[PDB]
Every structure is written in C-alpha cells, then in structure tokens.
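Just final.cif here, mmCIF, N, CA, C and O atoms:
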```cif
data_coords
loop_
_atom_site.label_atom_id
_atom_site.label_comp_id
_atom_site.auth_asym_id
_atom_site.auth_seq_id
_atom_site.Cartn_x
_atom_site.Cartn_y
_atom_site.Cartn_z
N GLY A 1 8.42 24.28 9.00
CA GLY A 1 8.46 22.81 9.32
C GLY A 1 7.59 21.90 8.42
O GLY A 1 7.13 20.82 8.84
N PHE A 2 7.40 22.33 7.18
CA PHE A 2 6.55 21.62 6.22
C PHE A 2 7.22 20.35 5.70
O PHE A 2 6.52 19.44 5.26
N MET A 3 8.56 20.31 5.76
CA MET A 3 9.38 19.28 5.10
C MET A 3 9.90 18.22 6.02
O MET A 3 9.96 17.06 5.66
N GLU A 4 10.31 18.62 7.21
CA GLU A 4 10.62 17.69 8.28
C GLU A 4 9.40 16.82 8.59
O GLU A 4 9.51 15.63 8.91
N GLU A 5 8.24 17.45 8.51
CA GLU A 5 6.97 16.77 8.76
C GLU A 5 6.66 15.83 7.62
O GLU A 5 6.50 14.62 7.79
N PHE A 6 6.60 16.41 6.43
CA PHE A 6 6.31 15.63 5.27
C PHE A 6 7.09 14.32 5.18
O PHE A 6 6.67 13.43 4.49
N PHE A 7 8.25 14.20 5.83
CA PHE A 7 8.91 12.89 5.88
C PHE A 7 8.24 11.98 6.89
O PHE A 7 7.70 10.96 6.49
N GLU A 8 8.22 12.35 8.17
CA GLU A 8 7.52 11.53 9.19
C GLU A 8 6.15 11.01 8.69
O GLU A 8 5.73 9.91 9.04
N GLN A 9 5.48 11.81 7.86
CA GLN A 9 4.18 11.44 7.31
C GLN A 9 4.41 10.39 6.25
O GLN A 9 3.71 9.39 6.22
N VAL A 10 5.41 10.61 5.40
CA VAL A 10 5.78 9.61 4.39
C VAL A 10 6.25 8.31 5.02
O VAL A 10 5.76 7.27 4.66
N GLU A 11 7.14 8.36 6.00
CA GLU A 11 7.58 7.12 6.63
C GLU A 11 6.44 6.42 7.33
O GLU A 11 6.62 5.33 7.85
N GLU A 12 5.26 7.03 7.36
CA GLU A 12 4.08 6.39 7.94
C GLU A 12 3.36 5.60 6.85
O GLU A 12 3.12 4.42 6.99
N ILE A 13 3.08 6.25 5.74
CA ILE A 13 2.59 5.59 4.56
C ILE A 13 3.47 4.41 4.16
O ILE A 13 2.99 3.43 3.52
N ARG A 14 4.75 4.52 4.53
CA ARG A 14 5.80 3.59 4.12
C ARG A 14 5.60 2.35 4.97
O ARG A 14 5.31 1.28 4.45
N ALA A 15 5.70 2.50 6.29
CA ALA A 15 5.62 1.34 7.17
C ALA A 15 4.19 0.78 7.22
O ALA A 15 3.97 -0.34 7.68
N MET A 16 3.21 1.56 6.76
CA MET A 16 1.83 1.10 6.66
C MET A 16 1.91 0.09 5.58
O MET A 16 1.56 -1.06 5.79
N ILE A 17 2.43 0.52 4.43
CA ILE A 17 2.56 -0.31 3.21
C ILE A 17 3.26 -1.64 3.39
O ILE A 17 3.06 -2.54 2.60
N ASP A 18 4.12 -1.75 4.39
CA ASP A 18 4.77 -3.01 4.65
C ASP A 18 3.83 -3.85 5.44
O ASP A 18 3.67 -5.02 5.15
N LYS A 19 3.17 -3.27 6.45
CA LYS A 19 2.15 -4.01 7.19
C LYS A 19 1.19 -4.65 6.20
O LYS A 19 0.82 -5.81 6.36
N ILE A 20 0.84 -3.93 5.14
CA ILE A 20 -0.13 -4.48 4.24
C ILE A 20 0.52 -5.47 3.34
O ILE A 20 -0.10 -6.45 3.00
N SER A 21 1.79 -5.29 3.00
CA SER A 21 2.49 -6.32 2.21
C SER A 21 2.80 -7.55 3.05
O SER A 21 2.44 -8.65 2.67
N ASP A 22 3.45 -7.37 4.19
CA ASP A 22 3.60 -8.49 5.13
C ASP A 22 2.24 -9.20 5.24
O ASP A 22 2.19 -10.43 5.39
N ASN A 23 1.14 -8.47 5.11
CA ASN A 23 -0.17 -9.08 5.31
C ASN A 23 -0.58 -9.96 4.17
O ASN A 23 -0.99 -11.09 4.42
N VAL A 24 -0.47 -9.49 2.94
CA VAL A 24 -0.85 -10.33 1.80
C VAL A 24 -0.15 -11.70 1.90
O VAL A 24 -0.74 -12.75 1.69
N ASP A 25 1.12 -11.67 2.28
CA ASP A 25 1.88 -12.89 2.54
C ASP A 25 1.28 -13.87 3.53
O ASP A 25 1.56 -15.05 3.43
N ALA A 26 0.49 -13.43 4.49
CA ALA A 26 -0.20 -14.40 5.34
C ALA A 26 -1.53 -14.79 4.72
O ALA A 26 -1.94 -15.94 4.84
N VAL A 27 -2.20 -13.87 4.04
CA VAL A 27 -3.41 -14.21 3.31
C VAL A 27 -3.05 -15.00 2.05
O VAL A 27 -3.93 -15.27 1.20
N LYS A 28 -1.77 -15.35 1.91
CA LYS A 28 -1.29 -16.19 0.81
C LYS A 28 -1.15 -17.62 1.33
O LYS A 28 -1.87 -18.51 0.89
N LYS A 29 -0.23 -17.83 2.27
CA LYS A 29 -0.13 -19.12 2.92
C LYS A 29 -1.53 -19.47 3.44
O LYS A 29 -2.19 -20.36 2.90
N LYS A 30 -1.99 -18.77 4.47
CA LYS A 30 -3.23 -19.17 5.13
C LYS A 30 -4.29 -19.54 4.11
O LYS A 30 -4.96 -20.56 4.26
N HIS A 31 -4.43 -18.75 3.05
CA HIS A 31 -5.49 -19.04 2.11
C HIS A 31 -5.29 -20.36 1.42
O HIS A 31 -6.27 -21.06 1.15
N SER A 32 -4.04 -20.68 1.09
CA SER A 32 -3.70 -21.96 0.45
C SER A 32 -4.16 -23.11 1.31
O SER A 32 -4.92 -23.97 0.86
N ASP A 33 -3.71 -23.12 2.56
CA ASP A 33 -3.89 -24.28 3.41
C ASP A 33 -5.37 -24.66 3.36
O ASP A 33 -5.71 -25.82 3.16
N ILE A 34 -6.23 -23.65 3.50
CA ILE A 34 -7.66 -23.81 3.27
C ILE A 34 -7.91 -24.61 1.99
O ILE A 34 -8.59 -25.63 2.05
N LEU A 35 -7.38 -24.18 0.85
CA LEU A 35 -7.53 -24.93 -0.39
C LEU A 35 -6.61 -26.16 -0.47
O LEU A 35 -5.46 -26.06 -0.85
N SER A 36 -7.13 -27.32 -0.10
CA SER A 36 -6.37 -28.58 -0.07
C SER A 36 -7.11 -29.65 0.76
O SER A 36 -7.27 -29.52 1.99
N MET A 37 -9.11 -20.10 11.24
CA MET A 37 -8.67 -20.18 9.85
C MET A 37 -9.68 -19.55 8.88
O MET A 37 -9.36 -18.57 8.23
N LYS A 38 -10.89 -20.09 8.78
CA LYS A 38 -11.93 -19.46 7.96
C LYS A 38 -12.14 -18.04 8.42
O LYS A 38 -12.42 -17.14 7.62
N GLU A 39 -12.01 -17.84 9.73
CA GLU A 39 -12.06 -16.51 10.34
C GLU A 39 -10.73 -15.79 10.20
O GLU A 39 -10.70 -14.63 9.80
N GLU A 40 -9.63 -16.47 10.52
CA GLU A 40 -8.31 -15.83 10.42
C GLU A 40 -8.09 -15.18 9.04
O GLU A 40 -7.40 -14.17 8.95
N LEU A 41 -8.69 -15.73 7.99
CA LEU A 41 -8.47 -15.24 6.64
C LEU A 41 -9.28 -14.00 6.39
O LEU A 41 -8.74 -13.03 5.87
N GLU A 42 -10.56 -14.02 6.74
CA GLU A 42 -11.45 -12.85 6.54
C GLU A 42 -11.03 -11.63 7.36
O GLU A 42 -11.34 -10.52 6.98
N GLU A 43 -10.33 -11.86 8.48
CA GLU A 43 -9.72 -10.79 9.26
C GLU A 43 -8.51 -10.19 8.52
O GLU A 43 -8.41 -8.98 8.32
N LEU A 44 -7.58 -11.03 8.11
CA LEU A 44 -6.45 -10.54 7.36
C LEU A 44 -6.96 -9.74 6.18
O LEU A 44 -6.43 -8.68 5.88
N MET A 45 -7.99 -10.21 5.50
CA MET A 45 -8.36 -9.61 4.23
C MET A 45 -9.00 -8.25 4.38
O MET A 45 -9.13 -7.48 3.42
N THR A 46 -9.42 -7.98 5.61
CA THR A 46 -10.13 -6.76 5.98
C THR A 46 -9.14 -5.68 6.37
O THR A 46 -9.31 -4.54 5.97
N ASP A 47 -8.10 -6.03 7.13
CA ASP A 47 -7.02 -5.08 7.36
C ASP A 47 -6.56 -4.59 6.04
O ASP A 47 -6.47 -3.40 5.80
N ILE A 48 -6.26 -5.52 5.17
CA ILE A 48 -5.65 -5.17 3.93
C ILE A 48 -6.58 -4.21 3.19
O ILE A 48 -6.10 -3.26 2.59
N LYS A 49 -7.90 -4.41 3.26
CA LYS A 49 -8.85 -3.49 2.58
C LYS A 49 -8.85 -2.15 3.27
O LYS A 49 -8.93 -1.13 2.63
N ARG A 50 -8.79 -2.17 4.59
CA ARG A 50 -8.96 -0.96 5.37
C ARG A 50 -7.65 -0.24 5.36
O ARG A 50 -7.53 0.83 4.76
N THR A 51 -6.65 -0.82 6.02
CA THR A 51 -5.34 -0.22 6.10
C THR A 51 -4.91 0.27 4.76
O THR A 51 -4.25 1.28 4.70
N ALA A 52 -5.29 -0.39 3.69
CA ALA A 52 -5.06 0.20 2.37
C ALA A 52 -5.69 1.58 2.26
O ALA A 52 -5.02 2.54 1.90
N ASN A 53 -6.98 1.67 2.55
CA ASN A 53 -7.70 2.92 2.36
C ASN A 53 -7.22 4.06 3.21
O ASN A 53 -7.30 5.22 2.81
N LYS A 54 -6.75 3.71 4.40
CA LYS A 54 -6.02 4.66 5.21
C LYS A 54 -4.94 5.21 4.27
O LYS A 54 -4.98 6.38 3.85
N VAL A 55 -4.02 4.34 3.87
CA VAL A 55 -2.97 4.73 2.98
C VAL A 55 -3.48 5.46 1.75
O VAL A 55 -2.87 6.42 1.32
N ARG A 56 -4.60 5.05 1.18
CA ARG A 56 -5.07 5.69 -0.05
C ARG A 56 -5.48 7.15 0.19
O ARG A 56 -5.70 7.94 -0.76
N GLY A 57 -5.58 7.50 1.47
CA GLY A 57 -6.03 8.81 1.91
C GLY A 57 -4.86 9.66 2.31
O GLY A 57 -4.74 10.77 1.82
N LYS A 58 -4.00 9.13 3.17
CA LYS A 58 -2.76 9.82 3.54
C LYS A 58 -2.00 10.21 2.30
O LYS A 58 -1.21 11.15 2.33
N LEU A 59 -2.27 9.51 1.22
CA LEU A 59 -1.80 9.87 -0.09
C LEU A 59 -2.51 11.06 -0.71
O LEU A 59 -1.83 11.88 -1.30
N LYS A 60 -3.83 11.16 -0.63
CA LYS A 60 -4.52 12.34 -1.20
C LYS A 60 -4.08 13.56 -0.44
O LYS A 60 -3.80 14.58 -1.04
N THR A 61 -3.99 13.46 0.88
CA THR A 61 -3.49 14.61 1.62
C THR A 61 -2.22 15.10 0.92
O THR A 61 -2.19 16.24 0.50
N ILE A 62 -1.20 14.23 0.76
CA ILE A 62 0.06 14.56 0.04
C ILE A 62 -0.12 15.00 -1.41
O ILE A 62 0.31 16.04 -1.78
N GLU A 63 -0.76 14.20 -2.22
CA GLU A 63 -1.07 14.61 -3.57
C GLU A 63 -1.58 16.04 -3.64
O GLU A 63 -1.25 16.81 -4.57
N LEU A 64 -2.39 16.40 -2.66
CA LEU A 64 -3.14 17.64 -2.72
C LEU A 64 -2.23 18.78 -2.24
O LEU A 64 -2.06 19.74 -2.96
N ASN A 65 -1.60 18.66 -1.08
CA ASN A 65 -0.61 19.65 -0.64
C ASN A 65 0.46 20.02 -1.68
O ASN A 65 0.74 21.20 -1.89
N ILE A 66 1.07 19.00 -2.29
CA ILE A 66 1.96 19.19 -3.43
C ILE A 66 1.22 20.03 -4.44
O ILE A 66 1.63 21.13 -4.76
N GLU A 67 0.10 19.51 -4.94
CA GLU A 67 -0.55 20.13 -6.10
C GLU A 67 -0.76 21.62 -5.88
O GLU A 67 -0.46 22.42 -6.75
N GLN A 68 -1.27 21.97 -4.71
CA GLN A 68 -1.64 23.34 -4.43
C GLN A 68 -0.36 24.14 -4.32
O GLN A 68 -0.26 25.22 -4.89
N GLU A 69 0.63 23.59 -3.63
CA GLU A 69 1.92 24.27 -3.49
C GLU A 69 2.75 24.33 -4.78
O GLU A 69 3.91 24.73 -4.75
N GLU A 70 2.15 23.96 -5.91
CA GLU A 70 2.77 24.11 -7.23
C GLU A 70 2.42 25.46 -7.90
O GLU A 70 1.41 26.11 -7.60
N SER A 71 10.82 24.65 -7.00
CA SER A 71 11.64 24.57 -5.79
C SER A 71 12.48 23.29 -5.78
O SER A 71 12.57 22.59 -6.80
N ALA A 72 13.12 23.00 -4.64
CA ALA A 72 13.96 21.80 -4.46
C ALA A 72 13.42 20.89 -3.36
O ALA A 72 13.40 19.67 -3.52
N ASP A 73 12.99 21.47 -2.24
CA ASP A 73 12.25 20.71 -1.22
C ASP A 73 10.88 20.21 -1.75
O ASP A 73 10.33 19.23 -1.25
N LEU A 74 10.34 20.91 -2.75
CA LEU A 74 9.20 20.41 -3.51
C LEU A 74 9.63 19.22 -4.32
O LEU A 74 9.05 18.16 -4.20
N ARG A 75 10.64 19.41 -5.17
CA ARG A 75 11.04 18.38 -6.14
C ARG A 75 11.34 17.03 -5.45
O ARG A 75 11.13 15.97 -6.04
N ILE A 76 11.81 17.09 -4.20
CA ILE A 76 11.89 15.90 -3.37
C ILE A 76 10.52 15.26 -3.18
O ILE A 76 10.32 14.12 -3.57
N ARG A 77 9.57 15.98 -2.57
CA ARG A 77 8.23 15.45 -2.32
C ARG A 77 7.65 14.77 -3.54
O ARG A 77 7.45 13.58 -3.52
N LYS A 78 7.41 15.53 -4.60
CA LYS A 78 6.79 14.98 -5.79
C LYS A 78 7.39 13.61 -6.11
O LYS A 78 6.69 12.66 -6.52
N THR A 79 8.71 13.50 -5.92
CA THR A 79 9.44 12.25 -6.15
C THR A 79 8.95 11.18 -5.18
O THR A 79 8.42 10.16 -5.64
N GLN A 80 9.10 11.42 -3.88
CA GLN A 80 8.65 10.49 -2.83
C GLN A 80 7.19 10.09 -3.00
O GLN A 80 6.83 8.91 -2.90
N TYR A 81 6.33 11.07 -3.27
CA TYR A 81 4.94 10.77 -3.52
C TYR A 81 4.85 9.70 -4.56
O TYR A 81 3.99 8.85 -4.47
N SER A 82 5.72 9.74 -5.57
CA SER A 82 5.69 8.70 -6.61
C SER A 82 6.24 7.33 -6.16
O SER A 82 5.65 6.29 -6.47
N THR A 83 7.34 7.35 -5.44
CA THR A 83 7.95 6.13 -4.97
C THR A 83 6.95 5.39 -4.07
O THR A 83 6.49 4.31 -4.41
N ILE A 84 6.66 5.99 -2.92
CA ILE A 84 5.58 5.57 -2.01
C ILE A 84 4.32 5.06 -2.70
O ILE A 84 3.83 3.98 -2.42
N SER A 85 3.81 5.89 -3.58
CA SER A 85 2.63 5.61 -4.36
C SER A 85 2.82 4.33 -5.15
O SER A 85 1.93 3.50 -5.15
N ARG A 86 3.96 4.15 -5.82
CA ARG A 86 4.22 2.92 -6.61
C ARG A 86 4.30 1.68 -5.74
O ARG A 86 3.61 0.70 -5.99
N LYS A 87 5.13 1.72 -4.71
CA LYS A 87 5.23 0.60 -3.80
C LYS A 87 3.86 0.22 -3.26
O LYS A 87 3.68 -0.87 -2.78
N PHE A 88 2.88 1.13 -3.34
CA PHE A 88 1.50 0.82 -2.93
C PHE A 88 0.83 0.02 -4.00
O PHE A 88 0.42 -1.08 -3.76
N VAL A 89 0.74 0.57 -5.20
CA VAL A 89 0.15 -0.16 -6.29
C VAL A 89 0.83 -1.53 -6.46
O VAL A 89 0.22 -2.48 -6.95
N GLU A 90 2.09 -1.64 -6.07
CA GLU A 90 2.76 -2.92 -6.16
C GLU A 90 2.11 -3.86 -5.13
O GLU A 90 1.54 -4.87 -5.50
N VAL A 91 2.13 -3.52 -3.85
CA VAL A 91 1.53 -4.40 -2.87
C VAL A 91 0.05 -4.67 -3.23
O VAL A 91 -0.44 -5.79 -3.12
N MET A 92 -0.65 -3.65 -3.72
CA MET A 92 -2.07 -3.79 -4.02
C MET A 92 -2.35 -4.56 -5.29
O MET A 92 -3.44 -5.10 -5.45
N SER A 93 -1.40 -4.61 -6.21
CA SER A 93 -1.55 -5.42 -7.42
C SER A 93 -1.32 -6.89 -7.04
O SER A 93 -2.23 -7.73 -7.11
N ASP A 94 -0.10 -7.18 -6.62
CA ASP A 94 0.26 -8.44 -5.97
C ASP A 94 -0.94 -9.12 -5.29
O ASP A 94 -1.24 -10.29 -5.55
N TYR A 95 -1.61 -8.37 -4.42
CA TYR A 95 -2.72 -8.91 -3.64
C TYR A 95 -3.89 -9.18 -4.55
O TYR A 95 -4.45 -10.26 -4.53
N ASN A 96 -4.24 -8.19 -5.37
CA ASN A 96 -5.42 -8.31 -6.22
C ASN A 96 -5.37 -9.59 -7.04
O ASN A 96 -6.43 -10.09 -7.47
N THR A 97 -4.16 -10.13 -7.24
CA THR A 97 -3.95 -11.41 -7.94
C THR A 97 -4.25 -12.56 -6.99
O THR A 97 -5.14 -13.38 -7.23
N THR A 98 -3.53 -12.54 -5.86
CA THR A 98 -3.49 -13.64 -4.93
C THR A 98 -4.89 -14.13 -4.73
O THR A 98 -5.16 -15.29 -4.87
N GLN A 99 -5.79 -13.23 -4.46
CA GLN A 99 -7.14 -13.66 -4.27
C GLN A 99 -7.71 -14.26 -5.58
O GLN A 99 -7.77 -15.49 -5.75
N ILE A 100 -8.09 -13.38 -6.50
CA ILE A 100 -9.05 -13.70 -7.56
C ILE A 100 -8.75 -15.03 -8.25
O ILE A 100 -9.58 -15.95 -8.24
N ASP A 101 -7.57 -15.13 -8.84
CA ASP A 101 -7.19 -16.33 -9.58
C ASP A 101 -6.30 -17.22 -8.72
O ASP A 101 -5.08 -17.06 -8.62
N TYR A 102 -7.00 -18.16 -8.08
CA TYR A 102 -6.49 -19.08 -7.06
C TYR A 102 -4.97 -19.19 -6.98
O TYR A 102 -4.27 -19.16 -7.99
N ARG A 103 -4.46 -19.25 -5.74
CA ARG A 103 -3.07 -19.63 -5.51
C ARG A 103 -2.87 -21.01 -6.15
O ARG A 103 -3.70 -21.91 -5.98
N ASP A 104 -1.79 -21.14 -6.92
CA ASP A 104 -1.35 -22.42 -7.49
C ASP A 104 -2.06 -22.90 -8.76
O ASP A 104 -1.75 -23.97 -9.24
N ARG A 105 -2.95 -22.09 -9.33
CA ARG A 105 -3.49 -22.30 -10.68
C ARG A 105 -2.70 -23.32 -11.44
O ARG A 105 -1.48 -23.24 -11.52
N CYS A 106 -3.42 -24.28 -12.02
CA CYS A 106 -2.83 -25.34 -12.81
C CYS A 106 -2.94 -25.00 -14.28
O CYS A 106 -2.18 -25.53 -15.09
N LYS A 107 -3.87 -24.10 -14.63
CA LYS A 107 -4.17 -23.77 -16.02
C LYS A 107 -2.89 -23.60 -16.86
O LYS A 107 -1.89 -23.06 -16.39
N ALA A 108 -2.96 -24.07 -18.10
CA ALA A 108 -1.79 -24.23 -18.94
C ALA A 108 -0.99 -22.95 -19.16
O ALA A 108 -1.46 -21.83 -18.90
N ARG A 109 0.23 -23.16 -19.64
CA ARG A 109 1.20 -22.12 -20.03
C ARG A 109 0.61 -20.77 -20.49
O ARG A 109 1.02 -19.71 -20.00
#
```
Encoding of this model in structure tokens:
Amino acid sequence: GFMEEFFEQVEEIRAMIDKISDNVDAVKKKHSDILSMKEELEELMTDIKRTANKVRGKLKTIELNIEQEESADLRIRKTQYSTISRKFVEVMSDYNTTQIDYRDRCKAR
C-alpha cells in the first residue's frame, strides 16, 4: 500500500498549496488597500510562512522515500514530486514578489 498512500499524501501537499495560493491573493488585495486589517494582513502572512513549511516538509518526506527507494509506480512518484514541487515554487515565487516590491510599482518600463 505504498502507492495508494503516496497519492492521498500528494493530494494533501496539493490542496495545501492552493490554500497558500488562495492566500497570497488575499495578502494581495488586503495589502493594497492598506497602501492608499493591519492585523488581518500579518495573520495571512503567517499562514503562508507556516503552511508553506508544512508543505516544505511533507515534500522532504517524499523526496527522501523516493531517493532511498531508488520501476513504473516509482516513475510516477518522481514525476508527481516534481509537479507538486513546481506548483509550490510557483505559489512561493509569486508571493515573494507581492510583498517585497510593492503592489502597483510605478517605476519605469
């Protein structure tokens, strides 16, 4: 039952990753309105830091199980580990922008 499980675990990292993406989207609007609540923002930003790290771990578990177990049910995992993993760096890149260099930057072309 290593493979039936490995999906339920992946679909967890998956729906976690949406919670965190759905989240950046509120720390996007909410943050803007401010620039033009103070608590609502610091809360959102903390889930995203934490819930990320949860995900960053459920990933090492996977990275590591694959690695040690190095088939066809394998070749699936290694793939999913990459997909999942990318959609993470995507949500986490997206966010890393939203904050640092202000929403709506006017700076030239």
Find, counting only C-alpha atoms, the residue in A:77, A:24, A:32, A:13 that gets nearest to residue 56 of chain A.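 Comparing A:77, A:24, A:32, A:13 against residue 56 of chain A, the winner is A:13.
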Produce a table with one row for each residue of segment 11-54 of chain A that has an atom at most 12 Å from any atom of segment 79-85 of chain A, each row naming the nearest atom pair and its distance in Å at one decimal; use only C-alpha atoms; arrange rows by chain and rising residue number; format as JSON lines.
```
{"residue": "A:11", "atom": "CA", "partner": "A:84", "partner_atom": "CA", "distance": 9.0}
{"residue": "A:12", "atom": "CA", "partner": "A:84", "partner_atom": "CA", "distance": 10.1}
{"residue": "A:13", "atom": "CA", "partner": "A:84", "partner_atom": "CA", "distance": 7.2}
{"residue": "A:14", "atom": "CA", "partner": "A:84", "partner_atom": "CA", "distance": 6.4}
{"residue": "A:15", "atom": "CA", "partner": "A:84", "partner_atom": "CA", "distance": 10.1}
{"residue": "A:16", "atom": "CA", "partner": "A:84", "partner_atom": "CA", "distance": 10.5}
{"residue": "A:17", "atom": "CA", "partner": "A:84", "partner_atom": "CA", "distance": 8.4}
{"residue": "A:18", "atom": "CA", "partner": "A:84", "partner_atom": "CA", "distance": 10.9}
{"residue": "A:52", "atom": "CA", "partner": "A:85", "partner_atom": "CA", "distance": 11.6}
```
Test item: the PyMOL selection byres (((chain A and resi 48 and name CA) around 10) and name CA) resolved as a count of residues only: 23
Quick check, in Å to one decimal: how far apart do atom O of residue 30 of chain A and atom CA of residue 107 of chain A lie?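 Atom CA of residue 107 of chain A lies 20.5 Å from atom O of residue 30 of chain A.
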Taking into account only C-alpha atoms, which residue in the set A:102, A:60, A:7, A:75 is nearest to residue 36 of chain A?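 Nearest candidate to residue 36 of chain A out of A:102, A:60, A:7, A:75: A:102.
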Carefully work through the PyMOL selection byres (((chain A and resi 3 and name CA) around 10) and name CA) for this structure and note down the residues it includes, as a list in words.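 Here the PyMOL selection byres (((chain A and resi 3 and name CA) around 10) and name CA) matches residues 1, 2, 4, 5, 6, 7, 8, 9, 73, 74, 76 and 77 of chain A.
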Just to confirm, what's the straight-line distance from atom N of residue 90 of chain A to atom C of residue 58 of chain A in Å (one decimal)? 15.1 Å
What does the distance between atom O of residue 96 of chain A and atom N of residue 41 of chain A come to in Å, to one decimal place?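 Distance reported for this atom pair: 16.6 Å.
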